[PDB]
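Engineer: Enclosed are the sequence and the experimentally obtained structure.
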Amino acid sequence: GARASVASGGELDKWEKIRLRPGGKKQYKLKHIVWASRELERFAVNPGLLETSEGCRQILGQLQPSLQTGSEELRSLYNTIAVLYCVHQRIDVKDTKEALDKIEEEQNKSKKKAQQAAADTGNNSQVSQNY
Ligand SMILES: *C(=O)CCCCCCCCCCCCC
């Protein structure tokens, strides 16, 4: 709309800079965004959530636990939305895969810097074990 806060020109260059495959020659294009923004509108998810890295976290996290149940359609969104996330956090990816992996290894840092926080929230639940 008339109120943006992402880039509008800069990020665009980077977007088309990311490759669709690890060893391919294909790259990302508007077709992917527009398509994603639309689909989201149907999944009760505003297309504006992809505007801020924070928003994506909510989207990806939702389709995350669904990447198994959902069809190939849900897998297409996650892949895309996942990439943009890296760009929004100022992360230079090499390919669609590099993005997904980054989002993972990245979060790993938090765990290392939360040895006290994690210990505070945790318990040992001993389930049953009969014959
Ligand atoms: C009007 O105020 C909003 C128009 C500008 C928003 C575009 C920035 C976010 C790009 C959409 C998601 C990209 C998916 C890779």
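Structural biologist: Received it, and whenever you're ready, just let me know what you need. Residues are numbered from 1 along each chain as shown.
Engineer: Look up how far residue 120 lies from the residue most central in space within the chain.
Structural biologist: Nearest to the mean C-alpha position of the chain, counting by CA atoms, centre = their mean, stands residue 82 at 2.5 Å. Distance of residue 82 to residue 120, computed by CB to CB, to the nearest Å: 30 Å. C-beta: built from backbone N, CA, C; applies to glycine.
Engineer: could you show me where the helices are in the protein, in order?
Structural biologist: 10-15, 30-42, 53-63, 72-88, 96-112, 115-120 (DSSP state H).
Engineer: List just the one of those that sits closest to residue 22.
Structural biologist: helix 96-112 (4.8 Å; CB to CB).
Engineer: For burial, what's the neighbour tally of the residue of the chain found nearest the ligand?
Structural biologist: At 2.8 Å from the ligand, residue 1 is the closest residue in the chain, using CB to the nearest ligand atom. Applying other CB atoms under 10 Å, we find 5 other residues in the vicinity of residue 1.
Engineer: near the ligand, which residues of the chain?
Structural biologist: 1-4, 6, 33, 36, 50-51, 80, 84 (CB under 6 Å from any ligand atom).
Engineer: among those, which two are most distant?
Structural biologist: Taking CB to CB as the measure, the residues of the chain next to the ligand span a maximum distance of 25.4 Å, between 2 and 80.
Engineer: between the two, who's got more neighbours?
Structural biologist: The residue with more neighbours, out of residue 2 and residue 80, is residue 80; 22 against 3, by other CB under 10 Å.
Engineer: need the contact list for the more buried one.
Structural biologist: Residue 80 makes contact with 28, 32-33, 36, according to CB atoms under 8 Å, 6 or more residues apart in numbering.
Engineer: and the gap between it and residue 118?
Structural biologist: Distance of residue 80 to residue 118, computed by CB to CB: 31 Å.
Engineer: circling back to that earlier point, just the buried ones among the residues of the chain next to the ligand, please.
Structural biologist: Listed as buried from the residues of the chain next to the ligand are 33, 36, 50-51, 80, 84; burial here means 16 or more other CB atoms under 10 Å.
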